[PDB]
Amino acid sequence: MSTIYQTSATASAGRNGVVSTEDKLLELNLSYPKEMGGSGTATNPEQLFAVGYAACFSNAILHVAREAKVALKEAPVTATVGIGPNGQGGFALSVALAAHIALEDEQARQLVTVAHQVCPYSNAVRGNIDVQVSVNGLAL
């Protein structure tokens, strides 16, 4: 309940315009993808979520492993994020997390399961998005 870091960003043109952090470390153009009738020459909120979750979940694995005294060199995570209508006048995201750890399958599953309890992105979406988690190419 203490806060170790916080940041702000501002957008005023939704999905078709600029967005930036207050400190300007991230300054981006956004556009609709071709799939949504746009040019596809700029990024979008689904890509931002995919990048953030891939990094944050990879980090969760690294964190849980370090605390368990398990030495990892890398923890590749591919996050796949989709958007579609929810049938209630809005939209919902779908998320798949494909995690990879250079350990035996069960040990890898145990680490990923704990990472999925620790990670703030997983905590944020639990119960709303049914995140589909894979470990080393198999289902969690």
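For every residue, the number given is its place in the sequence shown, counted from 1.
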Inset, instruction - Tell me which of 65-73 and 49-57 has the higher mean C-alpha B-factor in the deposited entry. - result: 65-73
Inset, instruction - Please work out which of 91-99 and 33-41 has the higher mean CA B-factor as recorded in the PDB entry. - result: 33-41
Legend entry - Third of the chain, ranked by Cα B-factor, where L26 sits: highest
Inset, instruction - Consider only the C-alpha atoms of the modelled residues in this chain, order them by B-factor as the entry records it, and name the third containing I4: lowest, middle or highest. - result: middle
